[PDB]
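Heads up, the chain below is alone and in the form deposited in one PDB entry; it's given as structure tokens.
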């Protein structure tokens, strides 16, 4: 006698992974489930799991997988999602790794503010006095930060890659007792670069 033949998935992505860009708009098709049933039985498709079912939805008859909630690679960069296909006699399931693709959607962040440092007026030229860091969680160029002063300073320099602030001209407590500088931290995305400003207070102390 014949036993029912269960359906099986035919998507090539099950053996590797699915890529979905984090800026994919809700409602978008992210893929279409494909399956075969050698009895030519009508098939129904789904997704299961609390988390998977929250972010993704499946058209039961077409197997089109939709995006149901916005993604954010910086919050969750991948999913293991279980999809199902059924001929109404049995349910077959397979898991797929879904990678969330990066876009540059974060500006750098400065931590441990406010930034202030006290130095003596005889601190010599070339003396490193402060190290700035801004974090950027994006990937590649979009996560690589460069530093500068805006506007520039004739008394202080900041190393662009390293954020090391140095004295570049002799100081003088009587001429200037304090400097308020502005640090620009910008990522290096080619098309959409993002940047952030932080205040740096430099206080000059008197020897006498």
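Numbering follows the first chain given and starts at 1.
Student: Per the entry, where is the mean C-alpha temperature factor higher: 24-32 or 140-148?
Tutor: Comparing averages over the C-alpha atoms only gives 140-148.
Student: Comparing 65-73 with 175-183, where is the mean C-alpha B-factor higher?
Tutor: Averaging CA B-factors over each stretch, the winner is 175-183.
Student: Among the chain's modelled residues, which third holds the C-alpha B-factor of residue 126?
Tutor: Ranked within chain, residue 126 CA B lands in the middle tercile.
Student: Which third, lowest, middle or highest, does the C-alpha temperature factor of residue 48 belong to within its own chain?
Tutor: Its C-alpha B-factor, which the entry lists for residue 48, ranks in the middle third among residues of this chain.
Student: Could you tell me which third, lowest, middle or highest, the C-alpha B-factor of residue 109 occupies within its chain?
Tutor: It belongs to the middle third of the chain when residues are ordered by C-alpha B-factor.
Student: Rank-wise, by C-alpha B-factor, drop residue 79 into the lowest, middle or highest third of its chain.
Tutor: CA B-factor rank for residue 79: middle third.
Student: Sorting the chain's modelled residues by C-alpha B-factor, tell me whether residue 94 ends up in the lowest, middle or highest third.
Tutor: Middle third.
Keep in mind that the form deposited in another entry is missing from the display, and what follows is about it.
Student: So one rigid chunk twists against the other between this form and the one not shown - which of 169, 180, 82, 103 is right at the hinge?
Tutor: Between the rigid parts, the switch point is 103.
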